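Data block below; observations after.
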Ligand SMILES: O[C@@]1(CNc2ncnc3[nH]ccc23)CCCOC1
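In structure tokens, the structure reads:
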């Protein structure tokens with residue numbers, strides 16, 4: 003039993019809710035919140051920009067030190083950093099960004115990072131400003147993640163379509 007509330011149950015391990023991931027994380031304080039990161043951990047917009055704003059830019063400061071030490075992530079890769087005031091940990095995961103011409107096949111690799119964590123609050127990878135079809139992203143999530151994932155979909159209109167079209 004966990005403290006995630008109000009989710010629709012898509013599968014054995016995947017749950018979905020129309021919610022702002024920022025407001026969700028502040029309420030639940032999960033062990034892990036997933037950020038929709040880019041390889042530079044530049045959290046300018048989308049989910050990343052919003053999560054960073056909620057940390058008062060502490061996420062960006064930590065991220066800049068991480069990059070200065072380690073260099074950029076790989077597309078499809080991840081790193082574990084602090085969750086600041088939102089969660090114990092933040093798993094920064096880089097899905098392919100279609101608006102940059104990145105290979106959508108790397109989306110499965112991106113979701114594989116979730117399997118290293120027993121429970122996660124997460125967005126749909128490569129959705130929103132990363133330009134991929136959120137229906138496809140949900141499909142890959144369900145077919146790749148085996149740990150317990152609580153998906154937050156910000157757009158209510160998108161949330162209803164994801165449920166109504168889920169096979
Ligand atoms: O752009 C989308 C992804 N963005 C977010 N997802 C969850 N919570 C969020 N809070 C702020 C942004 C944000 C909107 C939701 C559906 O997929 C694309």
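In the deposited numbering, the protein residues as written are 3 to 169. For each residue, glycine too, the CB sits at the ideal point set by N, CA and C.
Own chain partners of residue i with C-beta closer than 8 Å, once the 5 adjacent residues on each side are dropped
i, result
"residue 57", "86, 87 and 88"
"residue 53", "23, 24, 27, 35, 37, 45, 61, 88 and 92"
Whole-Å CB distance - residue i paired with residue j, under 8 Å assumed
i, j, result
"residue 20", "residue 158", "5 Å"
"residue 97", "residue 83", "Their Cβ separation, rounded to whole angstroms, is 17 Å, which puts residue 97 and residue 83 out of contact at 8 Å."
"residue 130", "residue 48", "5 Å"
"residue 160", "residue 139", "With 8 Å as the limit, residue 160 and residue 139 do not qualify as a contact, their Cβ atoms being about 11 Å apart."
For residue i, the nearest candidate out of the options (CA to CA)
i, options, result
"residue 14", "169, 153 and 148", "148"
"residue 92", "9, 62 and 155", "62"
"residue 133", "67, 118, 150 and 105", "105"
"residue 40", "81, 161, 114 and 122", "81"
"residue 155", "117, 36 and 114", "36"
"residue 30", "161, 140 and 122", "122"
"residue 124", "64, 23, 142 and 3", "23"
"residue 79", "114, 6 and 142", "114"
"residue 141", "7, 107 and 77", "107"
"residue 146", "42, 59 and 111", "111"
"residue 137", "165, 59 and 120", "165"
"residue 119", "128, 95, 99 and 76", "95"
"residue 76", "43, 167 and 169", "43"
Same chain only: Cβ atoms within 6 Å of residue i, ignoring 5 sequence neighbours per side
i, result
"residue 17", "9, 11 and 152"
"residue 117", "148 and 149"
"residue 101", "133"
"residue 90", "33"
Coil, strand or helix - residue i by DSSP
i, result
"residue 158", "helix"
"residue 87", "coil"
"residue 116", "helix"
"residue 31", "coil"
"residue 110", "helix"
"residue 138", "helix"
"residue 169", "coil"
Heavy atom of ligand 2 within 7 Å of residue i beta-carbon
i, result
"residue 162", "Among the ligands present in this structure, namely ligand 1, ligand 2 is not found."
One or two residues paired with residue i in a DSSP bridge
i, result
"residue 150", "121"
"residue 40", "In the DSSP output, where bridge partners are listed per residue, residue 40 has none listed."
"residue 17", "11 and 152"
"residue 93", "36 and 82"
Close Cβ partners of residue i (< 7 Å) along its chain, the five nearest in sequence each way excluded
i, result
"residue 51", "45"
"residue 144", "12, 13 and 16"
"residue 6", "17, 30 and 152"
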